[PDB]
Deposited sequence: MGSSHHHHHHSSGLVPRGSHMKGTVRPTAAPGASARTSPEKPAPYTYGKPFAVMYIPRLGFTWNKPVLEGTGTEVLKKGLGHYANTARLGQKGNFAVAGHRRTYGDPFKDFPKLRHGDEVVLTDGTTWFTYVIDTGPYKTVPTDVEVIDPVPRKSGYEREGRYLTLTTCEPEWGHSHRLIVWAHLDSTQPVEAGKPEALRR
């Protein structure tokens, strides 16, 4: 992925049918003003590890305004232009502190996961507490097949 450039689009039905955000590489302060930011040291979309993404809750378009509404079993769906990835939330929203960096590790202690998988993490960006959710990859399908079930 190229620092500062979009590489995917995210949809989260819980946050609204029309909620759609670009995901850019990196988490520099300027990236987070344009969209969601992928932690550049974490796994790529759909890969083994933990695909971790940050977004603002109360500034710059407030993409994560309604983060507290996320629930276990809620889907987080991304497209890279080739494949649709459906992740499913297992844990959170979990309240923590800005210095708690372990939440984006490949197997985060607080996620409840006890083994390697294909995970996704969302975090809010309070510099107050942050909220975190953790998810695992449930399904993939090609963009030729149309939109995945989560988005119909």
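What ranges of the deposited sequence, counted from 1, have no C-alpha atoms in this structure?
According to the deposited record, C-alpha coordinates are absent for 1-44, 172-175, 201, which together make up the missing parts.
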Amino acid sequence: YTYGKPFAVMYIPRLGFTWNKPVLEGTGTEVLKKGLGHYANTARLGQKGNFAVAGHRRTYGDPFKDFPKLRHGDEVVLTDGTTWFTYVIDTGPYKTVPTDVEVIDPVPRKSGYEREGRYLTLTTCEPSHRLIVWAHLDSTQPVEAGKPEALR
From here on, numbers count along this sequence of modelled residues.
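Compare the mean C-alpha B-factor of 82-90 with that of 64-72 as given in the PDB entry, and name the stretch with the higher value.
Comparing averages over the C-alpha atoms only gives 64-72.
Hey, which bit's got the bigger mean C-alpha B factor in the entry, 28-36 or 117-125?
For C-alpha atoms only, the mean B-factor is higher in 28-36.
From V107, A52, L45, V101, can you pick the one with the highest C-alpha B factor in the entry?
The listed residue with the largest C-alpha B-factor is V101.
According to the PDB entry, is the CA B factor of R130 in the bottom, middle or top third of its chain, that is, lowest, middle or highest?
According to the entry, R130 has a C-alpha B-factor in the chain's highest third.
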